[PDB]
Amino acid sequence: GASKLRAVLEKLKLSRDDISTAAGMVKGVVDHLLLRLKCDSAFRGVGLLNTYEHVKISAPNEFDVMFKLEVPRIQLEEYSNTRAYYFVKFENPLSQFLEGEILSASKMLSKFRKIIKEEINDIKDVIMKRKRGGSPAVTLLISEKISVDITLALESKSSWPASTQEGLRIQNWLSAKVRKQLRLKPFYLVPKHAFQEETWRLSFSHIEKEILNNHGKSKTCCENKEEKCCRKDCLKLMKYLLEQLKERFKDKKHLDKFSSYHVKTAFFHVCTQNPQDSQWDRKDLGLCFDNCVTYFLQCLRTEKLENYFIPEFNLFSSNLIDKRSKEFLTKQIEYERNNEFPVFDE
Ligand SMILES: Cc1ccc(-c2cc(C(=O)O)c3[nH]c(CN4CCN(Cc5ccccc5)CC4)nc3c2)c(Cl)c1
Ligand SMILES: [Cl-]
Ligand SMILES: [Cl-]
Ligand SMILES: [Zn+2]
């Protein structure tokens, strides 16, 4: 356990908890985008995932929202054996975007971006960055400080695809009972490329809060004085470490492909490796964070970081992230752990 890590955790907490009108500005903007969307024939059934979210743990002005469409009786077809990327096949409100049997993501996104750019001019009471990529579909910069990512997703209440059968390896930590209840939850499909095909990536981002709010082997983890763990604190420090390193080397392109998603995936693999609440005592914060730092470094060094839900999907493969980029991050983190983390300064 370190007083530096603890002081950083206290700073992050005060930044997160203090009075901000930001979420209110975003809510206004989102509720009017959603209203103008429900007027359109194809986007009539659109809704916010949860009735907001943040990618970066340090920046309270950067937001992350999902607009979802329930797609009952969905037919999925795995693209090029990618395990995570699928064609969407099936009258219903989404027949307008069809090309034969396959549902077009590019055409759906073109209409989505069109209606938002139009509503950006409507709200005179917000600069839209039409940055290429399906997920997030759009990034708004409300005023000169606030940033909002909007993702369009399809929701399916059918059993999770076969590629997930060995994923969510939580049975020795959270129990097979919990693994089974979670697998009954829906799954999402976001427009993404594995670069010119009508493919959708499987998303289980909604499962994170479910586990983070009930993360112990003990049902009483963090519910009392004698059972306070450092799992969330470790996850927060891992995320801040990457954010600060990305900010430190933003002028070069070497850390552009790394995201908090990679940090989260590696952190949850350490949760599977260390299932006992005793392997996460709050007093051992320093050691636990280091087991997290060591595991992520091993991931980069071996070019192996499995999608937590799709074991055959390597987030760190040479085809997704180059060796040079991973070695650059490996060197940067090694310098941070061998200089008392200079990013955690103040
Ligand atoms: C145990 C466990 C559980 C869950 C995950 C998980 C899985 C996935 C995944 O895609 O399967 C993730 N994806 C991202 C990044 N996204 C960026 C875009 N945001 C849009 C949004 C905005 C608002 C509301 C919904 C959606 C959501 C967060 N974190 C993810 C985390 C992991 Cl690793 C382990
Ligand atoms: Cl925080
Ligand atoms: Cl992310
Ligand atoms: Zn706990």
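Indexing begins at 1, ligand by ligand and atom by atom, following the structure's order. Positions are given from 1, in the same order as the sequence printed here. Hydrogens, waters and symmetry mates are skipped; everything else that's a heavy atom, side chains included, is used.
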Gap separating the CD atom of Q332 from the CD atom of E336, nearest 0.5 angstrom:
7.5 Å
re atom 6 (C) of ligand 1, the protein heavy-atom contact at minimum distance is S205 CA, 3.9 Å
Any chance the side chains of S205 and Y261 put a donor and an acceptor closer than 3.5 Å?
no
Is any N or O atom of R201, backbone or side chain, closer than 3.5 Å to an N or O atom of ligand 1?
yes
Would you say that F313 contacts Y85 through its side chain, given a criterion of any heavy-atom pair below 4.5 Å between the two side chains?
yes
In terms of atom number and element, which parts of ligand 1 are under 4.0 angstrom from non-hydrogen atoms of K264?
29 (N)
May I ask you to check whether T164 and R183 show a side-chain donor-acceptor distance below 3.5 Å?
yes
Of all the non-hydrogen atoms in the protein, which one sits nearest to atom 30 (C) of ligand 1, and at what distance?
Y261 CD1, 3.6 Å
Using a strict cut-off of 2.8 Å, how many protein N/O/S atoms surround the Zn ion (ligand 4)?
4
How long is the straight-line distance from OH of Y86 back to CD1 of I102, given to the nearest 0.5 Å?
15.5 Å
Check the side chains of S260 and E243 for a donor-acceptor pair under 3.5 angstrom, ignoring hydrogens and angles.
no
Using a plain distance cutoff, I'd like to know if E208 has any nitrogen or oxygen under 3.5 Å from a nitrogen or oxygen of ligand 1.
no
Separation between NZ (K232) and NE2 (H215), nearest 0.5 Å, reads 6.5 Å
Is the closest side-chain donor-acceptor distance between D322 and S318 under 3.5 Å?
no
Is there a donor-acceptor contact under 3.5 Å linking the side chains of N92 and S95?
no
I would like to know whether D256 and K250 meet salt bridge (charged side-chain N to carboxylate O under 4.0 Å, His left out); could you show each step before the answer?
CA-CA 8 Å; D256 296 0; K250 60 195 183 289; over 6 Å; no
Tell me which protein heavy atom sits closest to atom 9 (C) of ligand 1, plus the residue, atom name and distance to 0.1 Å.
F204 N, 3.5 Å
Heavy atom under 4.0 Å from ligand 1: found in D64's side chain, backbone, both, or neither?
both
Under 3.5 Å, N or O to N or O, is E53 touching ligand 1 that way?
no
Based purely on interatomic distance, does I211 place a nitrogen or oxygen under 3.5 Å from a nitrogen or oxygen of ligand 1?
no
Ring centers of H254, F249 separated by less than 6.0 Å
no
Return the residue, atom name and 0.1 Å-rounded distance of the protein heavy atom closest to atom 34 (C) of ligand 1.
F268 CD1, 3.3 Å
Using a strict 4.0 Å cut-off to heavy atoms of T265, name the atoms of ligand 1 that fall inside it.
33 (Cl)
Quick one: do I123 and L140 end up in the same hydrophobic cluster if we chain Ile, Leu, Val, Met, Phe, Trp and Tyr together by side-chain heavy atoms under 4.5 Å apart?
no
When you check the side-chain N and O atoms of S218 and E227, is any donor under 3.5 Å from an acceptor?
yes
I need the contact type for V190 against ligand 1. Using non-hydrogen atoms and a strict under-4.0 Å cut-off, is it side chain, backbone, both or neither?
neither
Top protein contact for atom 25 (C) of ligand 1, by heavy-atom distance:
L49 CD2, 3.4 Å
Closest approach of any protein heavy atom to atom 2 (C) of ligand 1, naming residue and atom:
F309 CE1, 3.7 Å
